[PDB]
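**Q** Line by line, the protein sequences are chains B, H, L, J, G, M, C, A and F.
Per the deposited numbering: the first sequence = residues 1 to 227.
Per the deposited numbering: the second sequence = residues 11 to 85.
Per the deposited numbering: the third sequence = residues 3 to 46.
Per the deposited numbering: the fourth sequence = residues 1 to 56.
Per the deposited numbering: the fifth sequence = residues 12 to 83.
Per the deposited numbering: the sixth sequence = residues 1 to 40.
Per the deposited numbering: the seventh sequence = residues 4 to 261.
Per the deposited numbering: the eighth sequence = residues 1 to 513.
Per the deposited numbering: the ninth sequence = residues 3 to 93.
C-beta: ideal position from N, C-alpha, C; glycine also.
Here's a structure for you.
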Amino acid sequence: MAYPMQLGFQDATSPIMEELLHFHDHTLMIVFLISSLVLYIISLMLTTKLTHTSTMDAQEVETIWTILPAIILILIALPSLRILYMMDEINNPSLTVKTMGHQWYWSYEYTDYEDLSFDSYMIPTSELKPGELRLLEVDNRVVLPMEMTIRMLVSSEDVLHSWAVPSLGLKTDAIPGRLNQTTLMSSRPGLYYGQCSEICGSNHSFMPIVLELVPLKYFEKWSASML
Amino acid sequence: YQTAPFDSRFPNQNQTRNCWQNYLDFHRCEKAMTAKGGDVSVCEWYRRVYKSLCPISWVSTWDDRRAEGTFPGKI
Amino acid sequence: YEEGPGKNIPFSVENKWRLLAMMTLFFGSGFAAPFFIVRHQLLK
Amino acid sequence: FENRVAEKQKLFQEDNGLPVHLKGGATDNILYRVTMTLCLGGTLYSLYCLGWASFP
Amino acid sequence: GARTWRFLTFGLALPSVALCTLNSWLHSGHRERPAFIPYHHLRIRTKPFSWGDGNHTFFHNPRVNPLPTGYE
Amino acid sequence: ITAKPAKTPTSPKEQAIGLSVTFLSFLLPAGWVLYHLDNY
Amino acid sequence: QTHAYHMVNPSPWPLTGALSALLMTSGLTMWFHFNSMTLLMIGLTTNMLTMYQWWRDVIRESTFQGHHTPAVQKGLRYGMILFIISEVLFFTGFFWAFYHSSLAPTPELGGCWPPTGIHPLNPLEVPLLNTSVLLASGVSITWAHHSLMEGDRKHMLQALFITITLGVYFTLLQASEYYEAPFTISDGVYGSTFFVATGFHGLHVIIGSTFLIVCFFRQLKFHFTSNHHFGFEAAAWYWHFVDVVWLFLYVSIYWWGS
Amino acid sequence: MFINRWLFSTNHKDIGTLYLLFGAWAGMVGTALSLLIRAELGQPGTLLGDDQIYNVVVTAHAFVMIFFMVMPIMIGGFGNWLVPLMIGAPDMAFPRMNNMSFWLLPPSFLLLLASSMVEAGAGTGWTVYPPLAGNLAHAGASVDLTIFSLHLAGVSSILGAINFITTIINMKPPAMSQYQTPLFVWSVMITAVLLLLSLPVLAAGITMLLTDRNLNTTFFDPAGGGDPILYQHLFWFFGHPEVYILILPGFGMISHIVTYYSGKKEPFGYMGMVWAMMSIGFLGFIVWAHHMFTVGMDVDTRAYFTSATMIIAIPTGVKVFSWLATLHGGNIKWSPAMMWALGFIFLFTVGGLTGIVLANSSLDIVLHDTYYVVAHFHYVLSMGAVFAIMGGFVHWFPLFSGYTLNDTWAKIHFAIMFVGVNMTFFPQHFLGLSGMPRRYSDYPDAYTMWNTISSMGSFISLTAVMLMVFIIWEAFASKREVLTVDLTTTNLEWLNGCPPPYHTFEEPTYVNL
Amino acid sequence: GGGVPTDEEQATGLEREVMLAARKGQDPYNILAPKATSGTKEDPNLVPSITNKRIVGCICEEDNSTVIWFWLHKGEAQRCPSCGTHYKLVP
Ligand code: HEA
Ligand code: HEA
Ligand SMILES: CCCCC/C=C\C/C=C/C/C=C\C/C=C\CCCC(=O)O[C@H](COC(=O)CCCCCCCCCCCCCCCCC)COP(=O)(O)OCCN
Ligand SMILES: CCCCCC/C=C\CCCCCCCCCC(=O)O[C@H](COC(=O)CCCCCCCCCCCCCCC)COP(=O)(O)OC[C@@H](O)CO
Ligand SMILES: CCCCCC/C=C\CCCCCCCCCC(=O)O[C@H](COC(=O)CCCCCCCCCCCCCCC)COP(=O)(O)OC[C@@H](O)CO
Ligand SMILES: CCCCCCCCCCO[C@@H]1O[C@H](CO)[C@@H](O[C@H]2O[C@H](CO)[C@@H](O)[C@H](O)[C@H]2O)[C@H](O)[C@H]1O
Ligand SMILES: CCCCCCCCCCO[C@@H]1O[C@H](CO)[C@@H](O[C@H]2O[C@H](CO)[C@@H](O)[C@H](O)[C@H]2O)[C@H](O)[C@H]1O
Ligand SMILES: CCCCCCCCCCO[C@@H]1O[C@H](CO)[C@@H](O[C@H]2O[C@H](CO)[C@@H](O)[C@H](O)[C@H]2O)[C@H](O)[C@H]1O
Ligand SMILES: C[C@H](CCC(=O)O)[C@H]1CC[C@H]2[C@@H]3[C@H](O)C[C@@H]4C[C@H](O)CC[C@]4(C)[C@H]3C[C@H](O)[C@]12C
Ligand code: CUA
Ligand code: NA
Ligand SMILES: [Zn+2]
């Protein structure tokens, strides 16, 4: 989850989120450099009483102005597209879980073996237990096995929603009549939080996502206990 | 069987047709087997795949429509 | 039609205090409207 | 039919200061007044209809 | 020239219309309406229509357009 | 740009009145609504 | 003035047009939600009054007052071309909707096109007749144009009358096919795409036929010269646009989509 | 006389004046909506109500700022005032149709304010996505009133585009080629081409939404074989060009302001600037699905949209560097208009660069539907489009009015607005990276500090808007009449005096070959 | 088969004035670009006007994008302030 005064991304929980952090660092260095160079050049143009107001020849300088930006964009595009295709690669999941968006809560279906399904609602502020997070806790967490490739399938039974978990690098739109796929792999046990990421009406702010990542043996026993 | 494997017919984020095709394949197979009086157990792979991938409400709606005579797929 | 400064506009600038009143009502009504719409929606 | 364009050119170029929408004569004034009355009256009715629809 | 485009109008274009008019005239006559099946992707009603009883399409033909509940 | 002196000069006092009236025309109606939100 | 451009007399029709737009939209709202046609009928009436007086005044300014210099005429040519481009892009949206739905038919349809329970019209029956009718009208309007340029009043009138008669034939055939169609606008995305796309096309055929009828009466009254007749050129361009949209509908919806 | 002049106008200047008045009023509505947004978010908890009233305010904020403030001021106001004067034309090609483009906007605005007053409003976002915008999740008149508002604004701008293209092509001096027209005139012609092609596609999409809501069509309804994602394609096919429509006239005004206050006769690299604007206009039609990177499209599609979107940085960079090269060697006049333009060059660059971050589909997975997007577009709109508008307004006010502003007050106004917009939007980057979603009335506690600071920023911007009204009053109150304007040899719009007569160029300019 | 009027028979107002002037090789409504002289003080560009001043735009060199604009007044020839080309008003 986010913490107070946070400047950057939530710490990476998945290898792909680690990849996105290093790609963001590379891109942000470029943004900082170009921003800085433009501000510096403005300030240089504006700090001399020397003048030259006659017609100036453009073509030489326009070569630099186009080639250097083209090279910089290629230097962004190359690692950008490496990561795009890495997320798309075939992985062989061990488990498929479905989530259905609703106004205003998520349902989960684990139907590889048994008919396990349940609803997941925000804990109201007045019912938080001491230490619990306003607007982020749910009654029924999405328990999942750590260190395993999981196929998440996302849809909706009403309006658009979007299923997001920032620390895993995940955001998949929940569209009625459509089954969208993403893959989830947590490097760590723990609790990983997200929030509905498509405007869906009165309680869009209040339908969060909580993943609970535990060893396979614990996930199997939880699964059995939820039937 | 753990879950539905990768299927090169459906390699993209949109998995709608994967659920649909496996649901059709199961019910086509079940009809073929019940008709000659053969064994629906040969249809098991399609059953496991559609149950893994398909939302419960899609299967429930499709089952209701087959019973009503309003299912629009060819079985 | 009248031409020149203060004449090529649909409002009078002959009196700066009448103009202040007209500008107050004009910009003030635009700024007020959303607050009164929110009030309307809350009062249903 | 006969070509009466010359007679309409004389009417519409008459030096009487009328704008082109009124220059055909009294019938233009009537059709203008009907149009503007329906527009302004219809606009007041649309405002009444918003007033009505703004409350349950 | 005008002469050529009149030649095309009367020599090619209107003969084509006359032939297609004959074609349509011969293949006309009411085809038999199919068995009503209450398919959920057809006879959509999310809001009543703003005319009639709310349940009839604008150019409703009783012979070939069933209601959600079947033929009238 | 060059320009003539003001045909109708706006003194500091007159500017303080115009600025005050302008600010109040924005602040009083919004203020009235936001103050009364609980009542609504 | 020592330029060739038209300084237009101050006019009320822009305001009456803008208000007719308010009355038509608020009218449709009042019809869809508050069970009443009154605002809508006022807006349709003021819209027709506005169009009538505005275009009447354009005829006064041009035929009667001589304001349409070659420079003004060139401007109107560009205006009508740009207007037609905007109408092409409007239809593109409906063609995009049609291809989107038909190339990737969803499970609710049976996963096929046409959908389960849809019995398309035979494209070789009335739809082919309609194609012959609009293509024929493209030939007759060309005859009308050449007759006008050659100074032939009688043949211009006969060709333009033939063109209007075909436009009317198409409209009556389409009305009958709407009535006879076993599917409706409420028959899923098939009915949606079919009736909205062919319906906007039908509206454009009625607009184009009305424009040609305006040209027919102006011709009866001798307004057009053998060299100056932009209203006729504009109506002919509009009419070719209507023909070409039909050919795209015929190939896409009626033939390929059957 | 008053009715004939102001309701029945066929005059490009008076119609321009009507657009500037309309846009200024719209800006006050849009500002009030922006303050309600930031009042809701300025402390954790609920101020107004749930997300419905909140998203009605957000939706209306966007429609008012885009359709009633920026487009009317840039295109209707500056375009009508300046384009005829910059080409020596006696008016627009279609001076009566011009008046209808203006008079469609009050009714458009009335339909939007009616949407917010009836039922529970249209809490849809300015994108109006179904099914939330459909007749089940938004039953009743609000969304239909929003659709009709867009229809009237769309017709206004389509007819206005036909008028500008025709005027700019057909009504220049016969010796003047397109490569002898000022950059602002190019910026309006290109913007008009974008409007002509994009708005009809929006019209088709929102018409389909209207028929799904009222005639039982199912374009966007899976139950009939429709697809909510088709609406998104039709909307964004318009919506990406729309943002280039919002900035292009601002690029044209920036070229004129930087040239003028650098003491130059001409912008650096004129043909490069024309090339850059035409390239941006073209590329702006082939990138729309960068608004859809999370909807589930194929990887190769995402790769194409990433790459095509990044290409826009090349022509855009040529413009930024050309502005810097215009300043180079200038006799710099530190006018208020110059300060707006210099703030534009820098702040637009920052927002352009955060756009390039977002163009990367892989990273956009995490940034999409977060405040990082909100930071990007407010740098380019509230510090780009708005800075160009304020620069153009203070530069050309004396042309339009015949009176001068108080330059010291205008510099104070710039300084307050600069602090307020940066305090508002810079922290929203942090909120986006750390995962705060868009269209939320309330946020988890961790996001409190940056939302608090952002809301305080919005109040500083309000103080700037109030001061601007006073500054315009003080100019009309004092009546300092313009005497001389420098650089008329390369700024034709000033050569008929301040204000110019009702009829200008009755006798056209003499330009020989 | 006739019966369609010609412009010669039926053109009126400004359209007719433009039509009749073009037959005489004349351009009172400024439809054509005027052709430059050498632009010396002996051979100035002659600028017609119906008043005592007119705006000149000077494209000083072929394919310049920058047009130089100034008022030309009745009386002694004036010079383009960029290239020095001479212009003389002929009211
Ligand atoms: C004026 C308005 C405006 C402008 C001009 C832009 C310009 C750009 N925008 Fe933006 N954008 C918006 C308004 C605008 N945008 C809005 C309103 C939304 C949200 C819509 C919604 O959901 O409501 C948005 C959303 C949006 C998204 C979707 C993000 C999401 O929803 O997840 C993306 C994705 O690529 C995008 C990218 C860009 C890019 C690449 C540019 C480029 O044109 C920027 C190019 C400029 C530069 C790069 C700077 C100058 C260049 C240089 C100094 C040269 C050197 C640079 C390099 C080598 C990189 N913007
Ligand atoms: C031009 C477009 C534009 C402008 C200028 C702004 C300006 C502002 N915007 Fe907004 N905004 C949007 C377009 C714009 N916005 C859009 C498209 C969205 C997305 C909506 C959606 O999600 O569906 C949005 C969303 C948005 C959000 C996110 C809401 C959410 O996701 O829940 C927030 C949050 O702070 C915000 C705040 C502000 C603030 C505080 C300003 C302030 O900077 C405003 C300050 C005031 C001004 C800048 C003055 C304006 C007036 C003039 C310039 C008049 C000039 C007068 C004359 C020339 C005479 N806006
Ligand atoms: C021969 C063809 C001529 C068409 C004339 C018919 C009716 C009126 C006007 C039509 C205008 C065209 C398109 C509007 C949308 C829908 C109508 C489509 C064509 C049509 O007429 O469709 C009919 C349905 O009409 C219906 O719902 C009728 C609904 C009537 C209300 C129309 C709602 C108007 C929509 C708003 C227009 C927006 C415009 C956008 C402007 C863009 C600006 C930027 C089909 O009948 P059916 O019984 O379903 O099936 C036949 C079964 N036997
Ligand atoms: C039942 C349906 C209701 C919906 C409303 C629409 C219904 C009907 C509209 C039919 C359009 C009729 C237009 C008539 C225009 C007549 C004026 C005219 O044609 O004017 C001509 C100029 O053209 C010009 O302005 C060209 C003017 C061109 C306008 C063409 C407009 C097409 C209109 C489409 C409008 C709505 C479409 C939107 C659909 C979503 C005048 O110049 P000339 O002809 O050279 O004459 C001069 C010579 O005599 C000199 O010797
Ligand atoms: C749900 C319902 C919503 C619908 C909203 C309806 C909106 C408004 C109501 C329309 C009222 C129309 C009244 C007639 C307007 C005629 C305009 C016209 O014909 O304009 C002409 C120029 O446009 C030209 O040519 C070429 C262009 C002619 C355009 C004709 C009008 C089009 C109206 C709708 C267009 C929408 C576009 C459809 C594509 C999306 C003439 O220009 P003027 O400046 O007059 O004269 C110049 C003089 O020199 C002439 O002698
Ligand atoms: C020249 C300026 C313009 C003139 C403006 C004229 C305004 C007067 C219109 C009359 O008002 C009508 O009142 C009816 C009520 O008597 C309504 O009937 C409708 O509403 C009724 C409500 O009882 C229902 O019977 C039905 O929905 C339906 O008949 C109808 O909506 C409404 O128009
Ligand atoms: C986002 C834009 C808004 C920014 C903030 C606005 C700044 C506030 C301006 C003052 O507004 C006023 O504040 C008063 C309180 O200070 C209110 O009086 C209220 O409170 C008084 C003191 O309790 C009572 O005497 C009055 O009767 C009562 O109406 C009054 O109505 C309201 O107009
Ligand atoms: C120049 C201004 C002077 C005249 C003022 C205008 C007067 C118009 C009043 C007529 O009101 C109508 O009444 C009908 C009957 O009450 C309504 O039909 C409604 O009710 C009918 C059944 O009664 C249904 O069949 C229709 O579908 C339905 O729209 C119709 O909507 C409504 O317009
Ligand atoms: C007799 C009359 C002469 C017109 C004239 O020159 O003034 C003729 C010339 C062309 C005739 C029209 C054309 O021949 C085409 C049509 C032929 C139909 O048989 C009658 C109506 C019809 C529309 C005719 C009406 C009328 O008789 C017209 C207009
Ligand atoms: Cu569910 Cu937002
Ligand atoms: Na809040
Ligand atoms: Zn020169």
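For the alpha helix (DSSP H) containing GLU54 of chain H, list its first residue and its last residue.
**A** Residue mapping note: residue 54 of chain H aligns to position 44 of the second sequence, counting from 1. Here the alpha helix (DSSP H) through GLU54 of chain H covers 54–63.
**Q** Assuming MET152 of chain B is part of the beta strand (DSSP E), what are its boundary residues?
**A** Counting from 1 along the first sequence, the entry for residue 152 of chain B is found at position 152. Per DSSP, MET152 of chain B belongs to the beta strand (DSSP E) from 150–156.
**Q** Tell me which residues share the same chain as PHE173 of chain C and place their Cβ nearer than 7 angstroms to its Cβ, disregarding the 5 neighbours each side in the sequence.
**A** Here residue 173 of chain C corresponds to residue number 170 of the seventh sequence, with the count starting at 1. Around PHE173 of chain C: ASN133, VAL136, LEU137, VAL208.
**Q** Taking only beta-carbon positions, decide if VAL5 of chain J is within less than 8 angstroms of chain F.
**A** For the purposes of this step, residue 5 of chain J is identified with residue 5 of the fourth sequence, where counting begins at 1. Closer than 8 angstroms to some Cβ of chain F, the Cβ of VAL5 of chain J qualifies, so yes.
**Q** For the beta strand (DSSP E) containing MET100 of chain B, list its first residue and its last residue.
**A** Counted from its first residue, the first sequence places residue 100 of chain B at position 100. Start and end: 95–102.
**Q** Counting beta carbon pairs with one atom in the segment 338–347 of chain A and one in the segment 386–399 of chain A, are three or more of them shorter than 8 angstroms?
**A** Segments in contact, yes.
**Q** Can you tell me whether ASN17 of chain L is buried or exposed? The criterion is at least 16 other CB atoms within 10 Å of its CB, across all chains shown.
**A** Translated into positions along the third sequence, residue 17 of chain L becomes position 15. Counting Cβ neighbours within 10 Å, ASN17 of chain L comes out exposed, since fewer than 16 surround it.
**Q** Flag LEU31 of chain C as yes when its Cβ comes closer than 7 angstroms to any non-hydrogen atom of ligand 3, and as no otherwise.
**A** In the seventh sequence, counting from the first residue as 1, residue 31 of chain C sits at position 28. Yes, the Cβ of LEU31 of chain C comes within 7 angstroms of a heavy atom of ligand 3.
**Q** Excluding sequence positions up to five away, which residues of its chain have a Cβ less than 7 angstroms from the Cβ of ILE311 of chain A?
**A** Taking the eighth sequence and counting its residues from 1, the one referred to as residue 311 of chain A is at position 311. Same-chain partners within the cutoff: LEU283.
**Q** Name the chain A residues that come within less than 7 angstroms of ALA53 of chain J, Cβ to Cβ?
**A** Taking the first residue of the fourth sequence as position 1, residue 53 of chain J is located at position 53. The answer, in chain order, is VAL118, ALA141.
**Q** What are the residues of the segment 473–485 of chain A that lie near chain J, defined by any Cβ-Cβ distance shorter than 9 angstroms?
**A** Those would be none; no residue qualifies.
**Q** For a cutoff of 8 angstroms on Cβ pairs, would you count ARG213 of chain A as touching chain B?
**A** Counting from 1 along the eighth sequence, the entry for residue 213 of chain A is found at position 213. No, no contact with chain B.
**Q** Taking the alpha helix (DSSP H) that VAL75 of chain G belongs to, which residues open and close that run?
**A** Within the fifth sequence, residue 75 of chain G is the residue found at index 64, counting from 1. From DSSP, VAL75 of chain G is part of no alpha helix (DSSP H); its letter is neither H nor E.
**Q** Does any CB atom of chain H fall closer than 8 angstroms to the CB of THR196 of chain C?
**A** Indexing the seventh sequence from 1 puts residue 196 of chain C at position 193. It does not; no Cβ of chain H falls within 8 angstroms.
**Q** Closest Cβ-Cβ distance between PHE35 of chain C and chain G: below 8 angstroms?
**A** As a first step, residue 35 of chain C must be located in the seventh sequence, where it is residue number 32. Chain G, which has a Cβ nearer than 8 angstroms to the Cβ of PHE35 of chain C, makes this yes.
**Q** Would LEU7 of chain B and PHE430 of chain A qualify as a contact pair, given that the criterion is a beta-carbon distance under 8 angstroms?
**A** Locating residue 7 of chain B in the first sequence gives position 7, counting from the first residue. Locating residue 430 of chain A in the eighth sequence gives position 430, counting from the first residue. Cβ atoms of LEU7 of chain B and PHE430 of chain A: closer than 8 angstroms.
**Q** Which residue comes first and which comes last in the alpha helix (DSSP H) that contains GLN56 of chain C?
**A** Translated into positions along the seventh sequence, residue 56 of chain C becomes position 53. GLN56 of chain C -> alpha helix (DSSP H) spans 41–62.
**Q** Could one say the Cβ of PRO5 of chain M lies closer than 8 angstroms to chain A's Cβ atoms, at least one of them?
**A** By one-based count along the sixth sequence, residue 5 of chain M stands at place 5. So yes, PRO5 of chain M belongs to the interface.
**Q** In angstroms with no decimal places, state the Cα-to-Cα distance between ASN230 of chain C and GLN76 of chain C.
**A** Looking up residue 230 of chain C in the seventh sequence gives position 227. Looking up residue 76 of chain C in the seventh sequence gives position 73. Whole-angstrom Cα-Cα distance: 12 angstroms.
**Q** Go ahead and pull the three-state DSSP assignment for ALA2 of chain B.
**A** As a working note, residue 2 of chain B is residue 2 in the first sequence. Correct three-state label for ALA2 of chain B: coil.
**Q** Can you find at least 3 beta carbon pairs, one from the segment 190–197 of chain A and one from the segment 5–23 of chain C, that sit closer than 8 angstroms?
**A** Judged by Cβ distances under 8 angstroms, the segment 190–197 of chain A makes no contact with the segment 5–23 of chain C, as fewer than three pairs qualify.
**Q** Below 8 angstroms on the Cβ atoms is my contact criterion, and I expect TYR179 of chain A with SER67 of chain F to pass it. Report the Cβ-Cβ distance as a whole number of Å.
**A** Here residue 179 of chain A refers to the residue found at position 179 when the eighth sequence is read from its first residue. Here residue 67 of chain F refers to the residue found at position 65 when the ninth sequence is read from its first residue. The Cβ separation is near 6 angstroms, so the contact holds.
**Q** Let me check you understand the geometry: is the CB of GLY31 of chain M closer than 7 angstroms to at least one non-hydrogen atom of ligand 7?
**A** Numbered from its first residue, the sixth sequence carries residue 31 of chain M at position 31. Yes; taking the cut-off as 7 angstroms, the Cβ of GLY31 of chain M has a heavy atom of ligand 7 nearer than that.
**Q** Residues of chain H with CB under 7 angstroms from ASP298 of chain A, in chain order?
**A** Residue numbering aside, residue 298 of chain A sits at position 298 when the eighth sequence is read from its first letter. Per Cβ cutoff of 7 angstroms: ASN22.
**Q** Where does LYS13 of chain A land, buried or exposed, given buried means 16+ other C-beta within 10 angstroms?
**A** Walking along the eighth sequence from the start, residue 13 of chain A turns up at place 13. The residue is buried, with at least 16 neighbouring Cβ atoms inside 10 Å.
**Q** Going by the CB atoms, is the gap between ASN32 of chain H and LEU63 of chain H shorter than 8 angstroms?
**A** As a position in the second sequence, residue 63 of chain H is number 53, starting the count at 1. As a position in the second sequence, residue 32 of chain H is number 22, starting the count at 1. Contact flag set, yes.
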